[PDB]
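Report on the following structure.
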RNA sequence: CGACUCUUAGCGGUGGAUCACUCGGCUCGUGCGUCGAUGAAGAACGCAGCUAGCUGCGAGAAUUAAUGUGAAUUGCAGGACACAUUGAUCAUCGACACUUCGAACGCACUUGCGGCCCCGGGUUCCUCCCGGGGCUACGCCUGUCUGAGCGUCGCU
RNA sequence: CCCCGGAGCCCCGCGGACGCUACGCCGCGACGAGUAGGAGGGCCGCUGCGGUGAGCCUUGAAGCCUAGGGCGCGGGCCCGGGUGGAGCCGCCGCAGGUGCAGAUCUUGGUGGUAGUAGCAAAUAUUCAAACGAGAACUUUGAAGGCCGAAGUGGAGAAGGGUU
RNA sequence: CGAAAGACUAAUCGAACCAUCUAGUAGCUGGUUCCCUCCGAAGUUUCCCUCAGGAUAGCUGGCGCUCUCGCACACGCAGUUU
RNA sequence: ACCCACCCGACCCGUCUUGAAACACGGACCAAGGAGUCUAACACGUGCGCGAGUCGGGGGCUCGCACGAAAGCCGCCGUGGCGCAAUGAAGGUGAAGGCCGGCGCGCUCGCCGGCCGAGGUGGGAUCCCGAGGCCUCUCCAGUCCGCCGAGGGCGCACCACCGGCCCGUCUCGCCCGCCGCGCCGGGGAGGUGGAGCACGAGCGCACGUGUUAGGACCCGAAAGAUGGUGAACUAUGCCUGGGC
RNA sequence: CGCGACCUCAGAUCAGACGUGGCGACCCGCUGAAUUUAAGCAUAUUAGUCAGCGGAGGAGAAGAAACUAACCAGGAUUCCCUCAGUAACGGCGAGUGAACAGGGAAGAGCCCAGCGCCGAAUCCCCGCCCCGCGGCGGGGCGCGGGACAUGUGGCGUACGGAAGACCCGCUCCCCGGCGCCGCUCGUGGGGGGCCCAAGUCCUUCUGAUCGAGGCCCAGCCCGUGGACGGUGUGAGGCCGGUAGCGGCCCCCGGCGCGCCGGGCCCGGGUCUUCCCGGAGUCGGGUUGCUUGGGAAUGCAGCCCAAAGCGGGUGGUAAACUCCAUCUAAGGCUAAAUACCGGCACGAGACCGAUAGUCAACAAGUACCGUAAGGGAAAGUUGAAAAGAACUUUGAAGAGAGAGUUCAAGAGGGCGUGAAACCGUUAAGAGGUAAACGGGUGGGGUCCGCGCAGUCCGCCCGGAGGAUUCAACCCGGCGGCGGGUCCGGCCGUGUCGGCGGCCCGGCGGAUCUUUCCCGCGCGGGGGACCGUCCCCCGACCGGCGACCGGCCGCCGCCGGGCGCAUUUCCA
Ligand SMILES: [Mg+2]
Ligand SMILES: [Mg+2]
Ligand SMILES: [Mg+2]
Ligand SMILES: [Mg+2]
Ligand SMILES: [Mg+2]
Ligand SMILES: [Mg+2]
Ligand SMILES: [Mg+2]
Ligand SMILES: [Mg+2]
Ligand SMILES: [Mg+2]
Ligand SMILES: [Mg+2]
Ligand SMILES: [Mg+2]
Ligand SMILES: [Mg+2]
Ligand SMILES: [Mg+2]
Ligand SMILES: [Mg+2]
Ligand SMILES: [Mg+2]
Ligand SMILES: [Mg+2]
Ligand SMILES: [Mg+2]
Ligand SMILES: [Mg+2]
Ligand SMILES: [Mg+2]
Ligand SMILES: [Mg+2]
Ligand SMILES: [Mg+2]
Ligand SMILES: [Mg+2]
Ligand SMILES: [Mg+2]
Ligand SMILES: [Mg+2]
Ligand SMILES: [Mg+2]
Ligand SMILES: [Mg+2]
Ligand SMILES: [Mg+2]
Ligand SMILES: [Mg+2]
Ligand SMILES: [Mg+2]
Ligand SMILES: [Mg+2]
Ligand SMILES: [Mg+2]
Ligand SMILES: [Mg+2]
Ligand SMILES: [Mg+2]
Ligand SMILES: [Mg+2]
Ligand SMILES: [Mg+2]
Ligand SMILES: [Mg+2]
Ligand SMILES: [Mg+2]
Ligand SMILES: [Mg+2]
Ligand SMILES: [Mg+2]
Ligand SMILES: [Mg+2]
Ligand SMILES: [Mg+2]
Ligand SMILES: [Mg+2]
Ligand SMILES: [Mg+2]
Ligand SMILES: [Mg+2]
Ligand SMILES: [Mg+2]
Ligand SMILES: [Mg+2]
Ligand SMILES: [Mg+2]
Ligand SMILES: [Mg+2]
Ligand SMILES: [Mg+2]
Ligand SMILES: [Mg+2]
Ligand SMILES: [Mg+2]
Ligand SMILES: [Mg+2]
Ligand SMILES: [Mg+2]
Ligand SMILES: [Mg+2]
Ligand SMILES: [Mg+2]
Ligand SMILES: [Mg+2]
């Protein structure tokens, strides 16, 4: 259950809050998980996906093992486009098929100073949870 | 409904004589809505018949003494496994039906502990069933935060929370009731009398104090006894083929003249 | 129309009652709110009785209630005077004072006095600083209790 | 058999009922409980590369700054930036800014006429001319100044 | 002059339905018009809540269609096939904004009328050519006509607001 | 406002239009939504500013209760008759 | 159940109406919507809890309410309501009677001891007693079990009736009481008014039906009120232009 | 004829201030209908209600008695319950209609004028310096101005006050700053930020799965986390979240300590002597409104118009007479209470696009009306635009092919796609309009058969094959039932223990103060009574409330029992 009386559980209110969420919040929503190799190393479940993190699609038609680079994130549409995840139109021109971050998995992050620090935060607050539970 | 609903026009009824139909009609304009009929519960737009009020009598009230009687009945048929089984509670391998557990259970602080307790008492099948029942509700409830639905599983009557109620919490189906603060709505859900229950010595010993024997007050609810029984030997099979009755009966005329 | 036997009855639904119906969907909230504020008044006035100030015994008026006894508004001036309390100090040790109370009967007078005598006794007057002067009670009765009295102080039993 | 008509069914239409959805309401409850001459509410007119409306903003006009956030925005363009850098975008919002009417305030509501001080061109204070800046509402309070009266007196 | 764990049974008092949801089951009789109106029972029906069907459902829910098969006195219901594409139901209780042919009822949609009434106020059109997919009507030329300077001509006010 | 017709007062005039009081009042018109089963009327009484309405009795239904004995073993009652 | 055939039957529903297939009104068609509700108050019925009680409100105590704006609990548990008492305009008064023995003259009146204690008549479901039978494979004895029972009883509830009690009122009477002897107080018998008493039946909740008050089954005026907006038409007056 | 004080009064774009409009759910002050009801209608009622005007605040208003009462008396306002549908009013009709007392929420009290004392001891404003400065404040210093005696400030106000003598006891309260310490209840106050458990595991449907089956204990893992939402269907474990006295970072409050700067020499009782109160106000008349307020509840206009052992009130007018009870005509005051407007949250047995707000959408929009004002309609391709390249016919709209899609029998107003109505195809029919009830017949449509349906099931007889047992004993297990109640646990009624009684508690209008403690009362003992518990024996219901043996019987397993038994099969 939830217990906090300033939170919702309220189909409509959640949905509005999701659909009318703004971009910096949609960063958090369009997060995707880290493959088990990384998960071990960084001690992090998941990371807000980004422009050029390599990625395996897990569910859908394009479902495979083929580690594509994300091309671009379309936070308007809650969806990412991925290197080779694409389909021909009628006139031949290719088109990136929108994939939803949650059905994907990060296989190589695009580490910069900021991202590194985030993963350092998540590890830290994880291990504090583990130390509290012990 | 809102008071206003339907009265936010200036509808004069065109009189008779202009053919048509004597409703109050939306005065004026070159809109569509321009003599469309208003107010009348038949009219689109219009105003619902005998609108709903807040000051309808929603709440109801019940004598204290009855409520207690109710809660007794309920606790009585928490025993009597037939009833509990008829109320569905899968209670086949349970050991002794006022089912009381040591009071190390009072202070578990983890679900796992709780779940293993249930499996050792063999209640777990009830939960197992709760899980299974979990399915979607049919109809407009869905669009009103009553979207998933399931069984009621075992109750757990605890004397004091030393943790426990945290431990049994995510386990779906389970309720917890303090004994000193019982509740019918939970002991007899749907107003159906049987319920599978798990008591905790301390709570279970506190019952006689809470409701009294027959030959002692509650001693906790001021001035209260358990109710009386109107007929003692409920089992009338035994009565009917007693000596004393079947001595004195005319013999059974059972031939059939057609 | 009436129809064969049953109270003629005049019910008062002639003015616009529906405009002014008062619904009690508040109530529970209001039981909660008041209670919170109540709890917060206690926690404010740390060791002082939550109840509030000591109030005096008083008979009710009128041949009806006559025999019953209540709490008063506050202790009258004769009653302070006799118990040996300055009227402006009484307000400061938790003693309700009304001054409008006449005192006719000597009996009630001495009863209330006996209250105030009783009260001052079983009172644990803290000092101004932690550095103790006269009046303010001993470090014994202070450590052993900075304790409140839940419920009206010296409850008025009839 | 023919045409027509009626009936029934199949398939087509017409039309949008039904059912299933729901970023909307309706109700009850909680907490705050804040507008305005430092120009409110409301009105107008403007502002996007391509923009009509909605929304958002005010000639700094789809927003500036600052803080937080940490790579977008995205209909198409086009761009920036080194996303190992005060840094894209969001959010917040404390600084800055906020055209014209409007209690609306120079008088007028034509956008019509003005007065008075200060500056730049214009002069070489020569007033003109243009442009800019600052003042110019009513009522009322405390004080200030200047006054009024065969009002009440004082000395000459 | 004996025991039914055995008389063998048309009556059995030793134990008792295939029957017995005792709100069950069984047997005899008599009776059965009905507006207004009353009362009963609905395993009639609609929407939602507490219970409950180890209910149903992408191996196809709801809804819709049906010269398919049935049940019910009936209200209605169950099945088969099709369509459809996400949810729905049985039982026991609770609740109601719960059942329509009518109200010159409300909103929307559709027929017959009907290819009908009509496209008849102010004399008028014709020939050629062009453009053009296409010309009774567009434009160009010619002919015949009209308004006939109190105009069917040229210009403004008000009003319109880009015409 | 009217050289007057009750004319005119923005298609409105023997009292304009707009909004509210307002869901005004109606002894009066109109409608008033599924099934079976059972019983089943009245249009007369008196009173009424009563006569297209109410009241009151009458008639209807529902709920019962108290008793009765086809359980060889009956008292009362009737749109009759003697 | 689809079509077709034929025999017989057969007028179009809704409605008001004494009477409708009507030359009575509504209805071209179809879909969706559309009308006895809710609150209050009484009444009677019914179900439950408790019972000379009952009662929950309002408040309070227990939690951040997931479910809780619930549930539980309270010398508040009873302030208070309703009930346990009535009657009278009121001042006020306020439901018992009997018997027995004794003392006052038993005076169908006044005062002192003992016993019983809500009266009686008729009818009354039911209970109780029961003469007596009725047999048993024999003649009698003979406890056990029944079946019925002539006859007699105690008699619920309810009804009819008679007395009786309290309050109001009348009539007529004669006595008693004391801190205050009085325009004081208290009694008696007999009529008559009372929504009375006469060994209590209410209270709380729920369901129903009825009757009102509310928009009050739905729709319907002609009006009435309050506060605004209009003289672009038009009615008249004035100003400043045009025209014949 | 001047100059000067003051007084009354002007003018200033004089210096600094402030009011102006809005919103209006709630509040205060006026103003105030009529529909309606009374079965008509006029008083009454609707209602001091709608509309009108004024003025507010987070609340408002009220409020510290000219109060209630009549008692053994209570003690500001507000609010709830009750009083009470009562007293009272009313064509005493319809209808109206409070108050005190009682229980609750909350609770908080005060200051002037006056009368007096204090060299006006007071105030505002200017100018210099130090501090402080986004709510203009503190200290100092100016022969710098004004206000003020037509009266400022301290003391003090009805609960009485002032001043004196001597009884007593002793001397912390406030503010402007500057620091510094403990982050201070949803269990770390407020705000903001960012973080934190666990499967995309194995097969397998699917267009796509969040499905289905399985996973060392319903299966694996977490679970103080299985709320919700998102993600190509149905997801605790994909992502966000959720949980948690969980983490970190900011910012802000609120309270604790230290220092400085100021202010501030601030009591009580006891006896003496003084002091004491709001005027065109009360009150009376009156008229009109108003009220439940009735020979006048309130509020008004007008006339009259006071007093001080007075004045008011004491719910029937008036006089006399005692009692009571307040102290009017000046003022301030948190708190419970209100809240269809606002900002921001949560929730619902509500509605589900003709509903629900007029408004799910570019809605107070389009449009209408000169204007006031009126005022709509209108949601849905698909998981993804993959929105149909290309060929072909056509001036094009339109098609024909091709293609995407799970599907276009989803093709940009596109989910589902009903009825009315129409077009076509198929079948059948057709001069008494059609339609209908009953009864058949004919034809169609599908459905069920049968390529015998002779439908099964017992028991039996026979002829063929078939393995293993029934029967019987022996061993083990389990069940039922039973009496001897045999032995023991178990519990009802009774009696015995007066045994729990103090090692048994509660209650009591039973008593005792021989008791104890605290002040005749409260609490606790101590007796008494009622009620609930120990010990054994006896009798009895020996009760489904159970054990142990023993008996009897049943079933199951395993031994043996080999075939006139035993089942199977045809
Ligand atoms: Mg509506
Ligand atoms: Mg549905
Ligand atoms: Mg209190
Ligand atoms: Mg639709
Ligand atoms: Mg539509
Ligand atoms: Mg019949
Ligand atoms: Mg879908
Ligand atoms: Mg509903
Ligand atoms: Mg219809
Ligand atoms: Mg023609
Ligand atoms: Mg001519
Ligand atoms: Mg021209
Ligand atoms: Mg012209
Ligand atoms: Mg009539
Ligand atoms: Mg009948
Ligand atoms: Mg009949
Ligand atoms: Mg008629
Ligand atoms: Mg007629
Ligand atoms: Mg005719
Ligand atoms: Mg008619
Ligand atoms: Mg017609
Ligand atoms: Mg319908
Ligand atoms: Mg009843
Ligand atoms: Mg009745
Ligand atoms: Mg109506
Ligand atoms: Mg009604
Ligand atoms: Mg009307
Ligand atoms: Mg009138
Ligand atoms: Mg009338
Ligand atoms: Mg009438
Ligand atoms: Mg009239
Ligand atoms: Mg009135
Ligand atoms: Mg108003
Ligand atoms: Mg204002
Ligand atoms: Mg105030
Ligand atoms: Mg005052
Ligand atoms: Mg009452
Ligand atoms: Mg009134
Ligand atoms: Mg003074
Ligand atoms: Mg997670
Ligand atoms: Mg989902
Ligand atoms: Mg989920
Ligand atoms: Mg009046
Ligand atoms: Mg009097
Ligand atoms: Mg005030
Ligand atoms: Mg809509
Ligand atoms: Mg629609
Ligand atoms: Mg709508
Ligand atoms: Mg729809
Ligand atoms: Mg869609
Ligand atoms: Mg559609
Ligand atoms: Mg499809
Ligand atoms: Mg489709
Ligand atoms: Mg479609
Ligand atoms: Mg067809
Ligand atoms: Mg044909």
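Chain B residue numbers are taken from Swiss-Prot; in order, the displayed residues are 54-311.
Cβ coordinates come from backbone N, Cα and C, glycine included.
According to Swiss-Prot, the feature SUMO2 cross-link maps to B:239. Around residue B:239 (SUMO2 cross-link), the same-chain residues six or more apart in sequence whose CB sits under 8 Å from its CB are B:208, B:228, B:230, listed in sequence order. In the three-state DSSP reading, residue B:239 (SUMO2 cross-link) counts as helix.
Taken from Swiss-Prot, the feature omega-N-methylarginine applies to B:97. DSSP classifies residue B:97 (omega-N-methylarginine) as coil under the three-state reduction. Residue B:97 (omega-N-methylarginine): 9 other CB atoms within 10 A of its CB, across all protein chains.
In this chain, no residue six or more apart from residue B:106 (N6-acetyllysine) has a CB-CB distance below 8 Å. Under the heading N6-acetyllysine, Swiss-Prot lists B:106 (among others).
Residues annotated as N6-acetyllysine in Swiss-Prot, with similarity to another entry given as evidence: B:259 (among others). Secondary structure at residue B:259 (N6-acetyllysine), taken from DSSP and collapsed to helix, strand or coil, is helix.
In the three-state DSSP scheme, residue B:266 (phosphothreonine) falls into the coil class. The annotation phosphothreonine is assigned in Swiss-Prot to B:266.
Cβ neighbour count for residue B:290 (phosphoserine) (all protein chains, 10 Å cutoff from its Cβ): 8. The phosphoserine feature in Swiss-Prot is assigned to B:290 (among others); the stated evidence is similarity to another entry.
Neighbour count (other Cβ atoms within 10 Å of the Cβ, all protein chains): 12 for residue B:295 (phosphoserine). What Swiss-Prot lists as phosphoserine is B:295 (among others), and the listing cites similarity to another entry.
Residues or ranges marked as citrulline in Swiss-Prot: B:300. Here residue B:300 (citrulline) comes close to no residue that lies at least six apart in sequence on the same chain with a C-beta under 8 angstroms from its C-beta.
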*asked:* Distance check, please: Cα of residue B:259 (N6-acetyllysine) against Cα of residue B:266 (phosphothreonine), rounded to an integer number of angstrom.
replied: 11
*asked:* Here's one to test understanding: among the modified residues B:97, B:290, B:295, whose C-alpha is closest in space to the C-alpha of residue B:266 (phosphothreonine)?
replied: B:290
*For residue B:300 (citrulline), name the DSSP secondary structure in the helix/strand/coil scheme.*
helix
